[PDB]
Protein chains: 4
Amino acid sequence: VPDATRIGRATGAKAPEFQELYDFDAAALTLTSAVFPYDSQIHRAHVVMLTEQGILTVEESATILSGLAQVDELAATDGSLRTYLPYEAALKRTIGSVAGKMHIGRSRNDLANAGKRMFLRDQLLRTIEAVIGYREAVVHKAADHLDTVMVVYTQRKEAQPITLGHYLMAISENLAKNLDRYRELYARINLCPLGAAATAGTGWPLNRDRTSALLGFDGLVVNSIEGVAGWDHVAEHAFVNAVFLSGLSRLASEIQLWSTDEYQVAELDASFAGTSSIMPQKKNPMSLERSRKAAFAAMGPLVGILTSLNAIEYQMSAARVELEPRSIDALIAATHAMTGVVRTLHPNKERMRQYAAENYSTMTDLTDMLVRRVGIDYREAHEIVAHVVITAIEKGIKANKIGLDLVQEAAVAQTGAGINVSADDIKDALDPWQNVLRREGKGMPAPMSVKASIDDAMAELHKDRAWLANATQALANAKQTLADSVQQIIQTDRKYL
Amino acid sequence: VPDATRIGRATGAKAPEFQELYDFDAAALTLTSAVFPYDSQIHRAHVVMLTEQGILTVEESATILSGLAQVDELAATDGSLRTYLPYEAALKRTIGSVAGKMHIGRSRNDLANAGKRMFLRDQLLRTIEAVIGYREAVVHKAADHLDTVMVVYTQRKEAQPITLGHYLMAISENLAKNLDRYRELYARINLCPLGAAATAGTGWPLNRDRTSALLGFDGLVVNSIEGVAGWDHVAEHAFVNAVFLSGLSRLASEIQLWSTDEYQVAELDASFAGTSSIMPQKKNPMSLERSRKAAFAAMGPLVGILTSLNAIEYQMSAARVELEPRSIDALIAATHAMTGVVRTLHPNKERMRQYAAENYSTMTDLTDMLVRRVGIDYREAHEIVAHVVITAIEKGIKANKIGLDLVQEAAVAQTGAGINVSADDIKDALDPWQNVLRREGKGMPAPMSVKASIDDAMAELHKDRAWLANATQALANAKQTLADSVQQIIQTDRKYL
Amino acid sequence: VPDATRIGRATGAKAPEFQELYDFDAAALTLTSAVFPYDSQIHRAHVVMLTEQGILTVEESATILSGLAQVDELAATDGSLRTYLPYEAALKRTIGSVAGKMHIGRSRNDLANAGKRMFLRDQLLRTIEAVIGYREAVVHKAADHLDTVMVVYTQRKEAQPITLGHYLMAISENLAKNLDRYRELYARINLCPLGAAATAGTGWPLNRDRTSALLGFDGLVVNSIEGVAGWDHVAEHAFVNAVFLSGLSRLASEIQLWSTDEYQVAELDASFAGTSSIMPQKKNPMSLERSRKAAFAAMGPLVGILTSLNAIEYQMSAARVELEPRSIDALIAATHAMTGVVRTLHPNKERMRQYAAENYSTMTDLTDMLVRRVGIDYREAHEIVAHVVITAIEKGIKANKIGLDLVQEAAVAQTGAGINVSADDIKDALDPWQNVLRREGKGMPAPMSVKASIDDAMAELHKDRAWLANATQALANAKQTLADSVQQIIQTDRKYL
Amino acid sequence: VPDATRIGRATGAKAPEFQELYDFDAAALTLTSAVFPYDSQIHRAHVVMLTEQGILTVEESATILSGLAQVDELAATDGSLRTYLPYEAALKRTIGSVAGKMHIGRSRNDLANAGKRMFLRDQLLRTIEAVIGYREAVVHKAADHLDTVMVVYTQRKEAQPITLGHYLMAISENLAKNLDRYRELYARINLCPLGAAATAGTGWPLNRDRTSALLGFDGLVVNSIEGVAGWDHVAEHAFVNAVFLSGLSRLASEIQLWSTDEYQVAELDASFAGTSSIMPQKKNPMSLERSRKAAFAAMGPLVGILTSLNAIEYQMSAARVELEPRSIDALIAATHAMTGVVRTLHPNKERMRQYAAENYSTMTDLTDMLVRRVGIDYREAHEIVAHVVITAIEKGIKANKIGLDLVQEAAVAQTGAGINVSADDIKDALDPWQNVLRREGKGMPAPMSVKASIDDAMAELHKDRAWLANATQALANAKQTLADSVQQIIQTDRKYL
Ligand code: NA
Ligand code: NA
Ligand code: NA
Ligand code: NA
Ligand code: NA
Ligand code: NA
């Protein structure tokens, strides 16, 4: 069956990244279902630690660990077994009363905090990977557009000439700082609260560092109250998502304006646009609007979480609001969609240049030229050039057709006196490519300057990927160590005890 | 005239920190007035840099710089001169048309972004200092309460025995992470966007690193669009304030419950409480409630700022919402108030111990004892002890009066069988101080464990203060370098040119 | 399999209303699935209207309408058919190209706005029914507690004597105003935007009033742009939910404090409490905390929706955030839970009276007595009585043991002079039941006054139920008229054409 | 001194409504200063009522009332006297100890709730007046633009032809519903809580209806707890402000896009635009952006207030967040600014018509014509016309130059067959004015339909003004009755007692 939305101007298939925006809502797991596999890993790590500590015998440990595998299989289709007390009761029905010993020295409170952290930790690495991919698309696109002259806007009005590459490198710098925010957050998420038990620790001689290591954490949440009451990392995860997405909304909005029927300086790839069921002319920026929708929605978890923390004491509380899978899934869909939008965007280079040459964004360079050539102060030069623009608009003279006569008349009308500049001084000031070339300092649009920023960003992206690879491998190594330990116990009991 | 609110049970004067909560609203500056002195520093730094670059002569620079001092004095009483174009026009009226040259290579856009950053930077150091003072009060209070046995709560129900010191060290760990959040933010705030001009840089040969150094920044906002469009640091400052304050609200709420007429396990110092105009019995927790009010209000800037960023393009925009002085002033007042609340809080040690001994928080240790002594699983032990509690409540037996007979009856009623434990096993399990001593692992309430955390926090506080001293001195050194440079130019022109 | 959470002090089963809090998240529909049946009704109403207008023949109409029934059945298990263009394409595959004629004069834009309104309209009646049930439980509980003397709190400190009935009638008045907010909103939700088509109407001669009537709407959204761009009713629905739930959070918090181990003036029914997996003494207020959680979470949709409206133009936009089924489902679960909490709450009448008599809430009446009997001004009387309290606390004298000697000493200590009041004047002022009886004006706790409020609320509840019955019946009558019209067309075509 | 921002293209003076956006922040009162005059009226009304009830003698009443006038004068310059206990103490210093009797039967709690309500009530009438003025400007502008053909947008893409009048009437309908929201809120704000005293009423025999009438309230907040704990009206006021302002942001954004350099279909009046300190070409939409800024900021109070209510019990609490004068002042400034923007907006009628005729918004009418003329279904007609657009864009054919040849080729290319329509059928379908005339139903853009909506809105505006006049006069009559009563008491005591 064909995709019934791909009619008229919506040619071909949706890009996969565009389709993600339509799929995440129905596919999202509940928080309980998303965290359950991590809870199951925690049971194994806790039991292994209790065995190292002599609290459980190897025989008891093996019986429990084999039972966990059986109950996990039951829970794959029976969602009622995905919360703790139901799961423990199924374990007791499966292996007998020794099941209850897996809770020695532990609570649902530290289990819940730890499992949520493991879920958020994996989702944070998923998010960092997606943000790196977005930054890669932005920087790699910029590298092909060092000569793509176009105007930059302030207050939704044409400001001065830049290049598309220069614009994209603003987004790259935004993303670099968001990657810092997320890595900083990761260090706070990746702390283990297990051993806090209910909120006060336990008299059982746990080794909190072992459980933490077996589960891939990089350190402990030390104080036992902080271990169960601490929630600021959840609020912070919601915040970084919201602020990151606000910059994604701003880029989506920018592109939506560029691709209006009236600006027509860029066009979305067909695979990132839809159409209308009634209006056959529509090429609709549905990828952009649904990406913005995700940005706006991300405000919601942030406010709910912070409201809940403002409403309680510094205690474990079941009233705290969570960061849920569907919210993260929306962020990933929007990030992937905007990655593809940027990669595949079609700039209209001729129209971009036309606006830059014709619509008066070159007037700052004309003003700076007067100051530099005749030494007047900036305020008087500005008033002369504003008069040039006013007269040029009234007479229908595009910026690139402004000449010596119009400039002299404005100087006379505004000052009573002419001004000692040549026709060539004016022509060169009004050339939009010369406007770009003259802006050659750090962070400015001249190609040599933008290329310097690209070179720096490519080195930063290498470091971004290395950080992610290291963090991912640390978790994979820990998960394998735990799996090996579980099999050692089960098999040694089966064959030798 | 006496403070008319200090009547009846509101004895003595308000503590100064308590009075701050009443004073900040009327005393707060507008953002324009708060940022204006930083704008004036920017004018000096920009002009000095233009002089180094040969864009201004020393004579022009001296004329401008002396004029800035004159207009600054006018603006001290004439608020109409505290925005840019009015200020520049007053400068022109004061020194002549050369005033206009101070805007060469610059815009209101990069000026505004930089001045706001300098304001927020100083307010961030102010906030870090206040948060350090709060953490100092918390840790120093904890050190005097290693033996102050009391219950910890979960879900507003008595959970297990801890000490007041252990509780306070949860707050210390919360604050350590908030200090990290603020220092991480500082690195993003303390970047200079000057040289971006309108949004695209300039053809004038500025030295962006010099202006940055003269103003105490540690690096540049490199890309010129990011320099004027970037606002994520403002959202992030609002967020860290909100999350930090949510933990302050939680502590205030905790203390408010402790000091209810019904709990009566702590009492506010008289200097942090008020009374009622009608009800003479009231000792009201006004310091706590107004501190929470500031926490709730801090949600507002966070949402407004993020909404504004979600509403625009990746451009300079006058539609962005700001973080305003009154919001930061409220945070500081609440932080100071809670610092004094904690320092001066009066715990009722006898009542705290009574609740711990009598109200069943020791039942976990009774359960753990059964598991440890007779080897039953945790789930069956829990059911026996729950029956002990149910029977004890029905018969009016306080926890510390539970004995061998009641425990054996519960085992029989719930299991048909007695249980092989002694009267001394039970007595020791129900002793709340022994509950504390048994919880001796990392982050647990035993005195040796809490003291370890205190020792660590004292070392961390030394590092917190050193970071703040270094950051403050860097800004002071830069401000003196700028002041010296300005005087060099003015005096050299006056005497030698 | 037993409910594994019902162990220890969590006796019996969860109340059904309590269980609802655990079930709504996994059971919630997506918005697409929730709105789809309303979209299907819209197709029928639009087609019937087109038939009345002569745009479709009866034969074309019958073919389409029979096909809608077939595609609806396919969509019951194939979720891919629950959005418009996929559904229309399935209709074309089922009945042929005439399927396309059902879109004459219509768009996905007016369809979407109308279907969302029909969904929200039904959910608003569901919510009004639940809020009425909550108010019923509150008022009916109050009627049994006109004599249940207890203290009211301000600032979490004991204030003056009231009754439990008086307190509950505050909640009733809150709920009356929330019911007004919801009925006011209903009038704006129950307006039909169909006929706006894309945003500008259509040249086809639709009868917008007929489609509206067939779908149960009470009027039109007149202007075609407002018909597709209008979203304020969605924001308003989110707001009323949030403000209503904030009052529900406040009641839940109040009850949570009453039922602390320290206040112990009320106890939750066992069917509304849980316990701990580790601490056998816990009787945890899980119903209250999860109800508050829903209140906090309701802030999220409100902010996301308003952010999205602040981010766009006055246009149809796919970037607008929606009010989703899971949010409404949470509100209903919390409302039902709190209805059952209130109905089944167990006040400890003796302890309530003890606090009222002993903990100094009667001091206002002692002060008023001095003013009334000896004519001193209120401020001087207040200072004398504050001294009484200070001395009584120091000496360990409960309020009901304060006598003539202590009052005379306070008058002397604070004023140098005794005071001409009798022992009986004091005894009667300190009797907490007399405090209640003396407060006999409108809205005050005396039984005759509270009963007057109950009588008024019972009359209001009758009107609340009548409004709901009328609104529900109007929708049921319209749905039957539409169903009859569809069958008339299908059967007339089958037999007579 | 000239307005230094009026340089270059910022000709003339700022409009007064535009200047309001720059002035409100520094001019705003604190809440304490804004509410103080209402508190002073409450003192008079309470004292008059106590006199009617015989609680105060006429002589005591006269002494108090004359003293209130003296302390009010002191407080005009001494802000320390603007809170209750300081004010009462100044009254005692002025007239003696009888000052204390003005607090008989009252608290700061009911005083505060009532004074805030009187402040919000006046600000709500101020807001309703401003919203009526905005609606007047919108409707009166629409009446001059029934023939101003232009495109409407969906998803920021050109959709179909409408008129500027039709668009403005969408805003009028939005505003009508916001006026309903505000009048509905007024009925809840204008209820008197006085007589609740601390929270439980009083044994003094107050006449709560008299105090209410003297202060202009229309009814009571009956239950005494609701009288002091009730705050939902504050949250609701914040919400209506936020939702109303979101529609104002959307109109501002719409106009900002219309007035881009690229759309250029409208131009702001010079008096509502600014310029740049650096870029002389700028005509910046500063009125629009600062209006949007106010909209975004209005989210903040809404969230803070609701957070505070979610954080407490159903009690009087000093932790509740308030709606502050500066927030309302911002709303009024933005509403006035947008009133002037709309009144003075300059549409470019020729460019609006050009886009409507050339940029393919007429394609729906071409599609509807095929269905109507040859009877094909809507889906097949849509596919043919989409091909027309695709081919026309590729060949550079503007919509109004599409003819029979291009339509037949598209039918053949997409269907293998021609289509039986004439050149005149096509020409008439592509005429944008005929597109408007054909859309003649309720709420559609044809002039006769828009004029019907204007006639209805003019009748509604008459009713809006009558409601406001009645509500205002009721408050003025009450204030005069109170003033007369105060003078009666003072003068009768002076001359006859
Ligand atoms: Na950070
Ligand atoms: Na954290
Ligand atoms: Na930043
Ligand atoms: Na309403
Ligand atoms: Na509405
Ligand atoms: Na209300």
# chains A, B, ... in the order shown; residues from 1 in each chain; ligands from 1
$ interface_residues --of "chain C" --to "chain D" --cutoff "7 Å" --atoms "only C-alpha atoms" --output "JSON, numbers by chain"
{"C": [97, 98, 100, 101, 103, 104, 153, 154, 155, 160, 162, 169, 170, 200, 201, 202, 203, 222, 223, 224, 225, 226, 232, 243, 246, 249, 250, 251, 253, 254, 296, 306, 309, 310, 312, 313, 314, 315, 316, 317, 318, 377, 378, 379, 438, 439, 442, 443, 444, 445]}
$ select_by_dssp --residues "region 48-219 of chain B" --states "alpha helix (DSSP H)" --output "PyMOL selection string"
chain B and resi 48-52+58-75+84-95+108-143+164-189+208-214
$ residues_around --residues "residue 46 (chain A)" --least-positions-apart "5" --cutoff "12 Å" --atoms "only C-alpha atoms" --output "JSON, numbers by chain"
{"A": [39, 40, 41, 51, 52, 53, 55, 56, 61, 64, 65, 101, 102, 103, 104, 105, 106, 107, 110, 111, 114, 192, 194, 195, 197, 206, 207, 208, 209, 210, 211, 212, 213, 214, 215, 482, 485, 486]}
$ residues_around --residues "region 274-279 of chain C" --least-positions-apart "4" --cutoff "8 Å" --atoms "only C-alpha atoms" --output "list in words"
residues 85, 106, 107, 108 and 198 of chain A; 159, 361, 363, 364 and 382 of chain B; 5, 6, 7, 8, 9, 10, 270, 283, 284, 285 and 286 of chain C
$ write_last_selection --atoms "C-alpha atoms" --output "compact mmCIF listing (two decimals), in the first residue's frame"
# COMPACT_ATOMS: atom_id res chain seq x y z
CA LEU A 85 6.98 -6.46 44.09
CA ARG A 106 17.98 -2.84 49.26
CA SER A 107 14.72 -0.99 48.69
CA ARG A 108 12.44 -0.13 45.83
CA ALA A 198 15.25 3.07 51.83
CA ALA B 159 11.28 5.72 57.86
CA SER B 361 11.25 3.48 62.53
CA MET B 363 11.35 -2.07 62.48
CA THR B 364 13.75 -2.57 59.55
CA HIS B 382 8.93 -8.41 56.74
CA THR C 5 1.93 -4.85 46.74
CA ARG C 6 -0.73 -5.85 49.33
CA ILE C 7 1.63 -7.09 52.03
CA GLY C 8 2.06 -6.17 55.68
CA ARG C 9 0.12 -3.04 56.62
CA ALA C 10 -1.28 -2.77 53.06
CA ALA C 270 -6.28 0.83 54.14
CA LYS C 283 1.39 2.89 55.89
CA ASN C 284 2.25 5.07 52.90
CA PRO C 285 0.00 7.77 51.39
CA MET C 286 0.60 6.54 47.85
$ atom_distance --atom1 "CA of residue 68 (chain D)" --atom2 "CA of residue 91 (chain D)"
6.8 Å
$ residues_around --residues "region 462-477 of chain D" --least-positions-apart "2" --cutoff "12 Å" --atoms "only C-alpha atoms" --output "VMD selection string"
chain D and resid 118 121 to 133 135 to 136 175 to 180 182 to 184 186 to 187 190 212 to 218 455 to 460 479 to 484
$ residues_around --residues "region 259-265 of chain A" --least-positions-apart "4" --cutoff "7 Å" --atoms "only C-alpha atoms" --output "list in words"
residues 255, 347, 348, 351 and 352 of chain A; 156, 157, 158, 262 and 263 of chain D
$ write_last_selection --atoms "N, CA, C and O atoms" --output "PDB file, in the first residue's frame"
ATOM      1  N   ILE A 255      14.760  28.394   8.376  1.00  0.00           N
ATOM      2  CA  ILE A 255      14.620  27.701   7.095  1.00  0.00           C
ATOM      3  C   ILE A 255      13.195  27.838   6.571  1.00  0.00           C
ATOM      4  O   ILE A 255      12.975  27.982   5.364  1.00  0.00           O
ATOM      5  N   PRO A 347      19.732  25.509  -1.448  1.00  0.00           N
ATOM      6  CA  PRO A 347      19.741  26.976  -1.516  1.00  0.00           C
ATOM      7  C   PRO A 347      19.577  27.452  -2.951  1.00  0.00           C
ATOM      8  O   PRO A 347      20.075  26.826  -3.889  1.00  0.00           O
ATOM      9  N   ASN A 348      18.833  28.549  -3.123  1.00  0.00           N
ATOM     10  CA  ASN A 348      18.709  29.214  -4.425  1.00  0.00           C
ATOM     11  C   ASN A 348      19.797  30.276  -4.479  1.00  0.00           C
ATOM     12  O   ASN A 348      19.600  31.419  -4.063  1.00  0.00           O
ATOM     13  N   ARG A 351      19.067  33.744  -6.266  1.00  0.00           N
ATOM     14  CA  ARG A 351      18.163  34.642  -5.554  1.00  0.00           C
ATOM     15  C   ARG A 351      18.822  35.182  -4.290  1.00  0.00           C
ATOM     16  O   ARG A 351      18.649  36.358  -3.951  1.00  0.00           O
ATOM     17  N   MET A 352      19.581  34.346  -3.580  1.00  0.00           N
ATOM     18  CA  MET A 352      20.311  34.818  -2.408  1.00  0.00           C
ATOM     19  C   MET A 352      21.230  35.979  -2.775  1.00  0.00           C
ATOM     20  O   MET A 352      21.243  37.013  -2.099  1.00  0.00           O
TER      21      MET A 352
ATOM     22  N   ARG D 156       2.878  28.866   6.902  1.00  0.00           N
ATOM     23  CA  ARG D 156       3.760  29.887   6.323  1.00  0.00           C
ATOM     24  C   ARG D 156       3.926  29.716   4.815  1.00  0.00           C
ATOM     25  O   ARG D 156       4.940  30.126   4.236  1.00  0.00           O
ATOM     26  N   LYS D 157       2.913  29.137   4.170  1.00  0.00           N
ATOM     27  CA  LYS D 157       2.859  29.006   2.720  1.00  0.00           C
ATOM     28  C   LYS D 157       1.547  29.587   2.207  1.00  0.00           C
ATOM     29  O   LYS D 157       0.507  29.476   2.849  1.00  0.00           O
ATOM     30  N   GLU D 158       1.596  30.213   1.031  1.00  0.00           N
ATOM     31  CA  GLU D 158       0.394  30.828   0.476  1.00  0.00           C
ATOM     32  C   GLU D 158      -0.665  29.768   0.232  1.00  0.00           C
ATOM     33  O   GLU D 158      -0.389  28.730  -0.391  1.00  0.00           O
ATOM     34  N   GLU D 262      11.138  40.807   1.961  1.00  0.00           N
ATOM     35  CA  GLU D 262      10.813  39.833   0.930  1.00  0.00           C
ATOM     36  C   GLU D 262       9.323  39.737   0.647  1.00  0.00           C
ATOM     37  O   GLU D 262       8.929  39.655  -0.531  1.00  0.00           O
ATOM     38  N   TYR D 263       8.470  39.714   1.669  1.00  0.00           N
ATOM     39  CA  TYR D 263       7.039  39.738   1.394  1.00  0.00           C
ATOM     40  C   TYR D 263       6.627  41.116   0.890  1.00  0.00           C
ATOM     41  O   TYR D 263       5.982  41.243  -0.155  1.00  0.00           O
TER      42      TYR D 263
END
$ residues_around --residues "region 353-360 of chain C" --least-positions-apart "2" --cutoff "7 Å" --atoms "only C-alpha atoms" --output "list in words"
residues 281 of chain B; 149, 150, 151, 161, 349, 350, 351, 362, 363, 398, 399, 400, 431 and 432 of chain C
$ write_last_selection --atoms "N, CA and C atoms" --output "mmCIF file, in the first residue's frame"
data_model
loop_
_atom_site.group_PDB
_atom_site.id
_atom_site.type_symbol
_atom_site.label_atom_id
_atom_site.label_comp_id
_atom_site.auth_asym_id
_atom_site.auth_seq_id
_atom_site.Cartn_x
_atom_site.Cartn_y
_atom_site.Cartn_z
ATOM 1 N N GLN B 281 -0.826 33.287 69.697
ATOM 2 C CA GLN B 281 -0.005 32.101 69.862
ATOM 3 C C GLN B 281 0.968 31.870 68.709
ATOM 4 N N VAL C 149 -14.848 18.790 65.935
ATOM 5 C CA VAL C 149 -13.970 19.919 66.227
ATOM 6 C C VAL C 149 -12.517 19.560 65.942
ATOM 7 N N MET C 150 -11.801 20.495 65.320
ATOM 8 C CA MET C 150 -10.404 20.297 64.960
ATOM 9 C C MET C 150 -9.835 21.679 64.682
ATOM 10 N N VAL C 151 -8.510 21.770 64.616
ATOM 11 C CA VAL C 151 -7.897 23.054 64.301
ATOM 12 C C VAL C 151 -7.773 23.232 62.792
ATOM 13 N N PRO C 161 -9.936 27.069 66.226
ATOM 14 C CA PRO C 161 -10.805 25.888 66.119
ATOM 15 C C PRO C 161 -11.853 26.036 65.022
ATOM 16 N N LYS C 349 -11.189 11.691 65.980
ATOM 17 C CA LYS C 349 -11.931 12.799 66.576
ATOM 18 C C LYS C 349 -11.352 13.197 67.922
ATOM 19 N N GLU C 350 -10.900 12.218 68.713
ATOM 20 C CA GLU C 350 -10.383 12.539 70.040
ATOM 21 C C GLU C 350 -9.091 13.340 69.945
ATOM 22 N N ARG C 351 -8.184 12.940 69.059
ATOM 23 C CA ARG C 351 -6.928 13.672 68.924
ATOM 24 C C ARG C 351 -7.171 15.060 68.343
ATOM 25 N N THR C 362 -7.029 28.491 70.810
ATOM 26 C CA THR C 362 -8.102 29.261 71.442
ATOM 27 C C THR C 362 -7.659 30.644 71.904
ATOM 28 N N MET C 363 -6.425 31.070 71.627
ATOM 29 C CA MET C 363 -5.955 32.327 72.197
ATOM 30 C C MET C 363 -6.629 33.554 71.579
ATOM 31 N N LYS C 398 -0.803 23.365 79.340
ATOM 32 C CA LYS C 398 -1.623 23.263 78.144
ATOM 33 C C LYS C 398 -2.695 24.349 78.155
ATOM 34 N N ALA C 399 -3.176 24.701 76.958
ATOM 35 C CA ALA C 399 -4.064 25.854 76.846
ATOM 36 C C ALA C 399 -5.286 25.712 77.744
ATOM 37 N N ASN C 400 -5.851 24.508 77.829
ATOM 38 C CA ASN C 400 -7.086 24.315 78.580
ATOM 39 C C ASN C 400 -6.867 24.310 80.087
ATOM 40 N N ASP C 431 -12.595 27.200 75.776
ATOM 41 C CA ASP C 431 -13.310 25.984 75.412
ATOM 42 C C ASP C 431 -13.368 25.926 73.894
ATOM 43 N N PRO C 432 -12.719 24.951 73.239
ATOM 44 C CA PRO C 432 -12.655 24.998 71.771
ATOM 45 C C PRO C 432 -14.003 24.838 71.102
#
$ select_by_dssp --residues "region 227-371 of chain B" --states "strand (DSSP E)" --output "JSON, numbers by chain"
{"B": [266, 267, 346, 347]}
$ atom_distance --atom1 "CA of residue 63 (chain D)" --atom2 "CA of residue 49 (chain D)"
15.0 Å
